[PDB]
Amino acid sequence: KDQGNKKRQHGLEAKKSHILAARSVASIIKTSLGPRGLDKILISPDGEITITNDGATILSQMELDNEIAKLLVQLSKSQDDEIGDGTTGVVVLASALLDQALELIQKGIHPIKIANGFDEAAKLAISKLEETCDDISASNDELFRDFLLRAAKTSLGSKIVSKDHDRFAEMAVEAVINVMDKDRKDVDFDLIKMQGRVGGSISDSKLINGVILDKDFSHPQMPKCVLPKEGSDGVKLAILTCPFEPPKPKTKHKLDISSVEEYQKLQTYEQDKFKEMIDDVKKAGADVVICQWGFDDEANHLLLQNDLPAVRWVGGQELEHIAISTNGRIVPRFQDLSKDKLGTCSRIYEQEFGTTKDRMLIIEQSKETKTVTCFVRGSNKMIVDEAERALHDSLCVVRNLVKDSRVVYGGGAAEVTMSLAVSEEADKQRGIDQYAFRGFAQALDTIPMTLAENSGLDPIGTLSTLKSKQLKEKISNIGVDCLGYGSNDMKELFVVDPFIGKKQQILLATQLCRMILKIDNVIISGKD
Amino acid sequence: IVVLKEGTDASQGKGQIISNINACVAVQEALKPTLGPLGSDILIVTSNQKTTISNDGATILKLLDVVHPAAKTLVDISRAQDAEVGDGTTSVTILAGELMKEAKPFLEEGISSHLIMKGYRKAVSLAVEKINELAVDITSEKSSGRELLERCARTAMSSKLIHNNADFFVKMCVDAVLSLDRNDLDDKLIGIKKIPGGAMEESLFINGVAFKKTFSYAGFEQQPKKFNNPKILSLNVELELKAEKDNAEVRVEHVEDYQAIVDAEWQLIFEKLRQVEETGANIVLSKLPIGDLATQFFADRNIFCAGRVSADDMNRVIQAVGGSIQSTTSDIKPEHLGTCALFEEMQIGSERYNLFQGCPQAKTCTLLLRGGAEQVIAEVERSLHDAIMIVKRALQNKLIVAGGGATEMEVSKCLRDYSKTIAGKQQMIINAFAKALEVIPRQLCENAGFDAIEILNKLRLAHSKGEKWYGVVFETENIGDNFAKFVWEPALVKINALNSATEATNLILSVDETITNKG
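Protein chains in written order, with UniProt numbering: chain H, 33 to 560; chain E, 10 to 528.
Below, the structure is given as structure tokens:
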């Protein structure tokens, strides 16, 4: 049905069109790969203009109908959950394999031999990196956090974070330690809440264990702090979806008052409702009343006499975040209150930030929790989102450093060492693999040359300079000068990447390259 | 002034037959890379905006929706290949289309297509007789029950990313087929769930049914996930506190009435909610979401519940514990309940997965797959589907013929000798049929990267030397016996393929004119 709007690419002219189409999409993010990489202007469909170099944002913001490029988006989508920092690196590496595959197609080599060639090329390169990798936590705990803190300072140098980066690097270390255990060694990013607001600067961004609801405590006379309440256990709070007040109808009000008598009768119903609600707080032994909806002013006046500070208008998702930190529960109604359902924390207070009129609140713990909240600020919207995602990128690095102690220095060093080892073993294979392994080493050289092009250096001269230093002297990690130093060594410069991160980057890149060559026919229909 | 068609396009003559030939080549050319286990995959974008990539000829031709009548016939005969057999839908269309290509020079010479179609019917009649001679009955002969299932599954899994882990995957593949009654085997009864993350060798086989655990609602750290003999209750309606859709308009002027209508909305829900406990079931499953109030009330009584379960998974739960779905909470009968041997919620893949295990009444199963990427696991699942069909048809059909080019050459070999005794146009037609049978072993070498000129010619040599079983080795390029390499297909596939391909060929060659009415 509907013969029209159906195109078919098959055989000869299909293989050339697939590589050039993936090259055009890759050439977009090539210049954006590096610490010195170039930004891009992205316009949302609503008309908002944003400027960022993040590959996960650029590939998601770009709307394309190319099915081969959609596989590139799925490539960066799966690795973003696993790593997140290899978004722009895996596509350029995969397209470099495609550019070398197109050259092999012109030589008369079948795509199946090319796919099997890149498969044995990855297995050989992984074994070479497995011998040259080093360990950190295998030495000392204080030395681990030393390399851990300085590793976050490296990944934060490509962002506006670079000024205050010493502070945000300590945040990435402390936030992970609290959400991880020594025996479990499991780091989960869901246990770290990333939150930020506009205003202030990046110097005012702190790291607090707890949640912040951004509330003034509903009334000025209420105290700015909450006491332990005379030898009680921590501070008990209530998480409820109903406000503290006489409840209101959600359809229509239209209350008819005939005379003064009916108005005085509602005063008793409103007053007696206050006593029924406060008694439920005293019997449950709760201090702060946190609810989803606002509170009555007359109800807050009785809370001043009973020494019961209250918090109103807290979102449903915000109520669940307190139950994770304070080990509480969401209670539907006032009569369901119990000591086991109340969140137990150390204290609650309203923390003032400079002269800013925000005046948020902080719920604390003083023991290791199952969740943390990273507090982020910035002088502008894009500054807040950049500092928040840059810190999240460091959290993904720390997660890989704890999960796998094997580490390598990845900038400009790995692709050269991988290329030098495969190029020497290419002559011993003696077959179709010799052309596949030679092109595999040349495709690996695209990444360090791309970094040299983004740093303002000769991609040909710098690449060979890194090779001669790793041959005439010894095999080690010597990378590109992008960040800058007196020399090109990545060791003393403290530029490190996870070994499990470099292995998954060269894997998924080779995997999709075989999947693109796996497609010998493309049939795309229209939109009915 | 007068017109015969009133503007309804109709074309006839020998050019219409040539137009039917070009349509068969276009359909064949698309399915050529998809032939064989190592064949390439096709990229198809449906008008539904769902991008799919598969090498199975059935799914391919169903999603293309070719409007051309002569090309649609090749799609209709492929659905018959999926019905009578279910495997080989790619080769039946390529072979039928190759008969159209070999009949093209006969049309230019002036040879009528009816003598061409009659020549194929005599060639297939002799071809099916040779397949019966190539049919080898084997059950316990020189093979055991375990070696017959394992050694045949290793070949289908060979030359794949699972080649190194194939030892573990054959065990779960053989146990999956043996987990079902050997009298009736259905691929739909074997469930497969993809688990993102984890090592490929750590995959587990579940005797019961498992699902995604889509429950998004809070109330965690309760409702224990490990039960011994849980009572499974299938539910329909919605137990959440604040409902999904409907509402009501209530006007009350009193404060105690404000709390009353809120408790009234609670009491109406808690009524049917408490009836769930009165049944006394540990597992509560529903295709509709189970709210916070319901999962909290189930937590106090230690009842586990999962909401928004897919309908395809709930149907397997019925086939597992032998339960039944009840609409309300009132009339629930005891026979609608079910129980497994063990219930556990696994965190495998950094994701929670509910699973039923040890169901004696289960007519279906579930096999979990793990791996480093979702796209790699999908290739493992499809390479497993090709392995399941070989293991399944091995028990269902004890008459096998050597595949991978073996049988295709022997059928083409003898028909060249049978054509020597027949004189006239039927001699060149049978020779064209035997030449048309050479496309199957050809495309197998071209799709796998092997040289079609050397391997096919060397295959025509040793096969002509008196050994009928020589096939094409898909692992290391060379000619060899597939009976030793254990590339096996039942005789019903080769018979139904030659019958269906020639039938569709005879239907297209018999069309002189295509009349298409517009409106």
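For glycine and all other residues, C-beta sits at the position ideal for the given N, C-alpha and C.
Of all residues in the region 253 to 280 of chain E, those with a C-beta nearer than 9 Å to a C-beta of chain H are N256, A257, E258, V259, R260, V261, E262, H263, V264, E265, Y267, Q268, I270, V271, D272, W275, reading in chain order. Secondary structure at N85 (chain H): coil, using DSSP grouped into helix, strand and coil. Rounded to whole angstroms, the gap between the alpha carbons of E111 (chain E) and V481 (chain E) is 24 Å. Judged by DSSP in its simplified three-state form, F492 (chain E) adopts helix.
In this structure the region 289 to 296 of chain E does not lie against the region 196 to 204 of chain E, because fewer than three pairs of beta carbons, one per stretch, are closer than 8 Å. Per DSSP, the unbroken alpha helix (DSSP H) holding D425 (chain H) starts and ends at 413 to 435.
DSSP, read as helix, strand or coil, puts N363 (chain E) in strand. For chain E, the residues of the region 543 to 558 of chain H that bring a beta carbon within less than 8 Å of one of its beta carbons are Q543, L544, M547, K550, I551, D552, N553, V554, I555, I556, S557, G558, in chain order.
C-alpha of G413 (chain E) to C-alpha of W478 (chain E): approximately 10 Å in a straight line. Contact annotation: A175 (chain E) and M181 (chain E) have beta-carbon atoms that are not nearer than 8 Å.
One alpha carbon belongs to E258 (chain E), the other to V211 (chain H), and they sit about 47 Å apart. The Cβ of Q35 (chain H) sits closer than 8 Å to at least one Cβ of chain E. Annotated as distal: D529 (chain H) and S487 (chain H), with beta-carbon spacing of 8 Å or more.
Around the CB of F229 (chain E), fewer than 16 other CB atoms lie within 10 Å, so the residue is classed as exposed. When 8 Å is used as the limit between beta carbons, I204 (chain E) is near no residue of chain H, the shortest such separation being about 14 Å. Pairing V408 (chain H) with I75 (chain H), the inter-Cα distance amounts to about 24 Å. With fewer than 16 other CB atoms across the displayed protein chains lying within 10 angstroms of its CB, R216 (chain H) is exposed. By the criterion of a C-beta distance shorter than 6 Å, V94 (chain E) is surrounded in its chain by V502, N505, once the five residues flanking it on both sides are discounted.
Here the C-alpha atom of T120 (chain H) lies approximately 24 Å from the C-alpha atom of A468 (chain H). For the region 294 to 313 of chain H, the beta-carbon criterion of a distance under 7 Å to any beta-carbon of chain E is satisfied by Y301, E302, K305. As summarised for the region 406 to 431 of chain E, the continuous alpha helix (DSSP H) elements at least 4 residues long and confined to that stretch are 415 to 430, given in chain order. For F531 (chain H), the enclosing alpha helix (DSSP H) covers residues 531 to 550.
Close to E211 (chain E), with beta-carbon spacing below 9 Å, lies no residue of chain H; the smallest spacing is near 17 Å. Of the candidates E:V520, E:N440, E:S243, E:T511, the residue whose Cα lies closest to the Cα of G22 (chain E) is E:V520. Contact between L302 (chain E) and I278 (chain E) holds, since their C-beta atoms are separated by about 7 Å, short of 8 Å. Excluding residues up to 5 positions away in sequence, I524, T525, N526, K527 lie with their Cβ nearer than 8 Å to the Cβ of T17 (chain E) in the same chain. Residues of the region 382 to 400 of chain E whose Cβ lies closer than 9 Å to any Cβ of chain H, in chain order: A382, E383, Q384, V385, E388. Here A54 (chain H) really is in contact with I548 (chain H); their C-beta atoms are around 7 Å apart, less than 8 Å. Contact annotation: in the region 126 to 149 of chain H, residues whose CB is within less than 7 Å of a CB in chain E are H142, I144, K145. The beta carbons of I125 (chain E) and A105 (chain E) sit about 14 Å from each other, so the pair does not count as a contact at 8 Å. Under the 8 Å criterion on CB atoms, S190 (chain H) is classed as non-interfacial with respect to chain E. Counted as a single uninterrupted DSSP element, the stretch harbouring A445 (chain H) is not any beta strand (DSSP E), since DSSP gives it neither H nor E. Among the residues facing chain E, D560 (chain H) is included, as its CB has a counterpart in that chain under 8 Å away.
Sequence-distant Cβ neighbours of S250 (chain H) in its own chain, meaning closer than 7 Å and more than five residues away, are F327, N332, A342, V343, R344.
The DSSP assignment places complete alpha helix (DSSP H) segments of no fewer than 4 residues inside the region 429 to 460 of chain E at 434 to 445, 448 to 456, in order along the chain. As a beta-bridge residue in DSSP terms, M355 (chain E) pairs with E:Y362.
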